[PDB]
Amino acid sequence: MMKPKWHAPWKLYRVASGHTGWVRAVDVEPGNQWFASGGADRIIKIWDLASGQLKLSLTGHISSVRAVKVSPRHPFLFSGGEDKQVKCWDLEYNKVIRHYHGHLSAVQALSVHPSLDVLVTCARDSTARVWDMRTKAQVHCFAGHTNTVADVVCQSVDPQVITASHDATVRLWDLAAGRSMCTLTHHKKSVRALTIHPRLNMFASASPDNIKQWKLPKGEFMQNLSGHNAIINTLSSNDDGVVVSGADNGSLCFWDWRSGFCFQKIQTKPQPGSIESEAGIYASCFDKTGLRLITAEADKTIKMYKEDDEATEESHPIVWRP
Amino acid sequence: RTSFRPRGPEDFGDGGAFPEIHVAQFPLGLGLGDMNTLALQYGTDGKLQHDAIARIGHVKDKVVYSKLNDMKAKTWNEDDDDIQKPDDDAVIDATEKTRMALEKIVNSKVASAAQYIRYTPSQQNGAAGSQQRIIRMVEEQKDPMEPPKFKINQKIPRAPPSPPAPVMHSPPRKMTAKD
Amino acid sequence: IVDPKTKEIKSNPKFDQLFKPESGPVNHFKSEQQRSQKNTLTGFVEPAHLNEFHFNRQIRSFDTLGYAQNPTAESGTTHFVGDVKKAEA
Amino acid sequence: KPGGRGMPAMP
Amino acid sequence: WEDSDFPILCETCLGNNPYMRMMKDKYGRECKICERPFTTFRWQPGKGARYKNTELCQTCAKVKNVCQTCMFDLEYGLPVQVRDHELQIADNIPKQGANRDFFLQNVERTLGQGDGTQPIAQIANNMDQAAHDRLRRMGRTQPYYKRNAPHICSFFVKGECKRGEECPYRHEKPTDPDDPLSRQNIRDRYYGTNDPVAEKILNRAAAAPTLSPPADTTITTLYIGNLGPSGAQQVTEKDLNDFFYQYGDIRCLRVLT
Amino acid sequence: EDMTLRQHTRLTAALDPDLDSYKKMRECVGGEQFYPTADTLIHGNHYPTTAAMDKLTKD
Amino acid sequence: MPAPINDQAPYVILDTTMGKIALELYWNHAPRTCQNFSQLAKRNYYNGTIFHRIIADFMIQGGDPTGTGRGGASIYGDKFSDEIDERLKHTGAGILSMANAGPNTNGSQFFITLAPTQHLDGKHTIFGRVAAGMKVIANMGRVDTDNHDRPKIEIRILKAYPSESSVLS
Amino acid sequence: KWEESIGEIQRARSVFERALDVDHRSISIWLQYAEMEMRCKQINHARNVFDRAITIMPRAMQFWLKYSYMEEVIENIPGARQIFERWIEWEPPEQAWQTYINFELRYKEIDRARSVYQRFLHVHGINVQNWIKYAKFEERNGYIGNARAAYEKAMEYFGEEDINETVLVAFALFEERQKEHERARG
Amino acid sequence: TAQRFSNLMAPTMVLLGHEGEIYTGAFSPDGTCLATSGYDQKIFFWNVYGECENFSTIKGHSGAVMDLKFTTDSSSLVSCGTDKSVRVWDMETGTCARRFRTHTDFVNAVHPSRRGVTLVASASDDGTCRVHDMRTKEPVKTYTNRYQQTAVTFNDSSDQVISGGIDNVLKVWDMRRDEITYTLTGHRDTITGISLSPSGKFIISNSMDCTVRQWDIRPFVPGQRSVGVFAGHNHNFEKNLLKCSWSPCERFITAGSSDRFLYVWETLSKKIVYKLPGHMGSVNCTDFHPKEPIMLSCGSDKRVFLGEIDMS
Amino acid sequence: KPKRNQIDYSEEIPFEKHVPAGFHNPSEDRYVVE
């Protein structure tokens, strides 16, 4: 290894409750004012970021909402669910203006392209599908994977689409041609999560064996972030270099991206009346500053984490230990 | 050597045929027989490319991942050059290039539901005395009142997947019978 | 120095950087048809813009008289095609 | 717009 | 569906006039061999010809290296059955509907990785130079243009051509229906099975005279003739030396000018 | 994976190497190609003897 | 007493990704062509070049720094005249001959034969033969190529030095 | 298998090729596809099947074992060496290197088997038992000077401050068994 | 990275917007812009630099513009066409300053006097050279030759009119004598364009015989006036009036070609220096930028190509 | 009775996936049919 950059501890500071089913998705508005959250109660809840107050609950999915993205360039929120629907919510009317139909089974994730008017969506049907945001046309179907596609993330340069699957592969896609120009086989188990580093040309992906870092655009393997032996199903990368990987058992490890050193291991507590089997984390997001981590939980709460303001290197030391 | 003649493959030694000896020289099997299987080959790193099998049937795509040293860990706290994000010029150039590339799909998808050609034929017996033809290609007028011409309710198996990417795992971790 | 054949040429090479002939022997096995420069299965298709009037004139001369002016670029000495005896007479 | 020169056929 | 700028055709189908008018019709026909709709091209190869049009699609042309109308091979101008014989290309191409539709899809995928200028692997990469020579030495060199004349006028066969000299169709004897050349099928001619004209070629090519060594295995002598008279027309002993030491070690060369 | 060690160690214990043919082959092939490293281009295809192909078939 | 080392060395040795090769240079048949090849080798001109052409049972060609087949030069300036002399012929495989874009246009590009080719005689200048490594040249002729006879996986040359004999190193 | 039983080997091949499009990570299909070729004496087909299997799933020992064994039974033992060499290039588990050692020992190639150990300890040297097994091997072949040096290098490797009892006991019992009793006591 | 030779936005620029065969194209002598026209009758102006935006488009001809030249001060564009008319277009106004309505057939070529009073030489299918003075409706000179004249230029002193045509011989008319003082004989077929060297010592003349011949037009020449012959280009069955032009340093010459290639020859050696591809039809007109090493080429393909060349 | 709604699988090899190219020449194998 090499020298970790030091990162402050994160502490729990808010617990919003009000979903009646598992909170499956979270995303933060570009201006950082509010975050949406879908859940297994088939309702999308919009919450104020600074005060936690529930602005609005948007209802309209037939079953569990489990992808939610706020468009960086449009006044739109996109969401998909186990009912195979993908929906565009016009936030200037709080109404579903568009549907994207073609998925054959549950929509697992969706990602909204940072500079095109393009939306990509995963499903259990082992496809990622690319949508024209305007005309709802299915500009591509990425029929590469052989088991359900669990995550997708978009970026402006090639590979514009990266996809993770339960076949334990990650694939890099040519979005112009619509063909996978790389397959990263290194995971032993289902790859449920992806994150792209917001300021390095590098991305990460999680599976119960290992989180792996990858240099883009070729996707060559950098290093494992080893030892988080749980069904990891979220990855969030901070702007400063923290990465965090919440897991199905409700544990919540934070890592230095640069060294891979796991500096903190939170274990989440189920909120009252929930069973110890409900500790799990189903999604996480950073706020746009990168100083509030929002996590979505199997206990139907939304928990929020904040850097400990008073920590300093000499309070929480890192040595060298290669 | 001009007094000498080879005749057996061993007579040349390790060298090739002799141009000063005007006899038909076959320093190995070369030229004795007559002219499905790719040939094993050294790479530019001097290793032997047994994993050339993994490259058959691909469009020269990036999945050359077939060596252990591409599965071993690489630099930690990387050298800040390749790892830097692409610049604004790159994201702009990529956006426009990809935009117009998929515009051609969607416009041709929502529409789904003089000019000449100079031709240089290879069959040079040809048009009379001419290395080249030149032809006016008109477009035949479609009748707007004519319905779709052909059945397309056909269904056929998917194209087979692109050949297997090598599996590239960490070695197995031994299960005890306790596990 | 030289610039190989490419989908499009950006940088305007000199004559000697484009048209310098390929050195060395040539395949005994491939026929001249098979060695020929090509783009489709049977030849080099490329778009063209003729004058519509003169193009029509040359068709009808070949059809009706048996000869026409040669359509090739770089036609060299072969100025007429078809029944060249009538063209000269 | 900028562009480039397509190489034609030759004798 | 498949589309292109220009059809895969041989020069006898295009005619001697190097200036042509041609019509393009996207998806305008189904391919005679695979029913897939394909961009059709239609042209008249010179005056007195009929309007010809492309019959195969380009994948079926590429998967046999054949002209899209006449379906002769594009290299030698021979029928497929002759060429597939000499190159030992078996009847490998699937023929049943769903089976060969699947095959053609993979061909089109495979050729789409190439440069577009090659047929399928079997024929793009066949190297039997002796077989190439056998084909070259039997392919017709001149373009036969008579195969673009109009059809024979059935009303003239009925003896009642009511158009007279305005009739574009031919007023002449049909081919006798007992001759097997009158009874041809596009599928037979494409896949190269039971093709009448192929068998008439193969038989006459097999009937050509050939060298063959004698039973005298002790003989290693070749007579050489047509050397011309003595003098400046005669070949030198060096000429035979340079041409024939290519093949093997001459023990002796005797010149008889 | 452990049963194909139990098979393979059993099968290779039950295998008698013809060490006299080994030496004859070593002299014919030569030292360099007879002890090939991972990435030395072995030439000399070795298509088996029919006795060996039968021996493999029985195995 | 043996002659001192000088530019007219009898053998030149090349090392490649596929193999090490040694050539015997025919100074008494083509002195200008042999000295051209040696001085280019002495200037490391061939270092980093590739075999851009391979035709099975015919020819292996290399020695163009551009790898296009059109480039290359010579110590005399650019093109120079052939040294045709019919005491040498392309009598078999492993003949080394000087590749040219037609008569009197020799340059740095050289080709090695893989077959008896006695209709190329007089159109190219023979100037050596393979002295060692015909197994490598036999392997070179097995390398699969595209339809332009260019190897799909490159063979790269990166050594040039003269030697008094075919001994490998 | 059924197409093989009817003698339709070309059909049987295509069926296995179509099976591999469905699951290319199934070791059973690659082995059954391989075994049917070598049942049919299709040794060059079988070699191509194994080269693909070991290319695609390099960590599955069953392909390397079955392939190198086939190439050994068929008496192409320099082919078998290169398979083991290519295996060792993946730095495989300890059990892989043992089969390469055992391969060389069955041909009485002691100096070859020695070289595998000296590479084996560069990879799996951390396991003291690999280090003791080497010195037992050098001892059992009578290279007692190498066996002694092997134990002395073991002590050096694991560090003469972080001293390892298992080396000391094994080394001491070795010198005892070589009658170097004053060294054993030492 | 790669070498650059000009302020062009890219080493080659493709200018698109014409609707017909571009017969003619010229740079402004100040180097700021270029003007192009042909069968589509509109005259398109393009900046040489930046986006090369089509900043203006003059209209007014009722026929194809066969030839088009700037006046030397760049304040006016002369143009002539199949509407039997020469027109002078004011640059600052964009307007027809004069319309010499006096030819009786198609005007094939035009050339303004280099200096002094502005005179416009023109050659026509009526067989006449005419010199028009801006100040008078009537022409100053009418030189009736017997056969259709396709190309014209003044000499540099603007006191001889040089013309060629169907008779293949170039006439040189001396404007104080009103006689042909000498003729230049050597082309095998009809002349398609004549252009005058910057120094005025030499002219080139393109012909359907597929040669360019360089002629010495100086007052005294000690012998034969034929300086040399260039070859390589080709004229096809379209029989376009393929133009020709001089490099501003005179080291290089160009001519239009029907073979799609933009040909440059070196004046001293007569070797082809450039044979650039990229057009898809007859390259009808070619010109050099007056201050910077940039090539203009105008095709029958409705495309204009601008690009750098190494003028070494 | 005639059947035509499907390929007869015994007529020709169905959906034949051809064996890839490999370093060992497959045609050296001679198999005798059972």
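Labels A, B, C, D, E, F, G, H, I and J are assigned to the chains in the order they are written; within every chain, residues are numbered from 1.
In this text, contacts are C-beta pairs under 8 Å (C-beta built on N, C-alpha and C of every residue); 3 or more make two chains touch, one makes a residue touch a chain.
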item: Required minimum of steps from subunit C to subunit I, each step between chains that touch; value: 1
item: Partner chains shared by subunit E and subunit J (touch criterion as defined above); value: B
item: Chain at maximum distance from subunit C, centres defined as averaged CA atoms; value: H
item: By mean Cα position, the chain sitting nearest the middle; value: B
item: Centre-to-centre distance between subunit F and subunit A (centres being mean Cα positions), rounded to whole Å; value: 53
item: Inter-centroid spacing, subunit H versus subunit A (mean Cα positions, whole Å); value: 43
item: Centre-to-centre distance between subunit D and subunit A (centres being mean Cα positions), rounded to whole Å; value: 48
item: Distance between the centres, which are taken as Cα means, of subunit J and subunit B, whole angstrom; value: 26
item: Where subunit I touches two or more other chains at once, by residue number; value: 10, 12, 260, 276-278, 280, 307
item: Shared interface positions of subunit B, touching two or more other chains; value: 22-24, 35, 38-40, 42, 46, 50, 53, 57, 59, 117-121, 123, 127-128, 130-134, 136, 157, 160-161, 165-170, 172
item: Interface hub residues of subunit H, defined as touching at least two other chains; value: 21, 41, 43-44, 51-52, 86, 89
item: In the complex, subunit B residues that touch subunit E; value: 5, 7, 22-24, 34-35, 57, 59, 117, 119, 121, 123, 125-128, 130, 132-140, 149-150, 154, 156-157, 159-160
item: Residues of subunit H touching subunit J in the complex; value: 5-7, 9-11, 13-14, 17-18, 21, 40-45, 47-48, 51-52
item: Touching residues (chain side subunit F, partner subunit J) in the complex; value: 45, 47
item: Subunit B residues touching subunit G - in the complex, by the definition given at the top; value: 12-31, 35, 38-39, 41-44, 46, 49, 52
item: Partner subunit C, residues of subunit E touching it in the complex; value: 4-6, 8-10, 16-19, 21, 46-47, 58, 61-62, 65, 74-75, 116-119, 127, 129, 132, 136
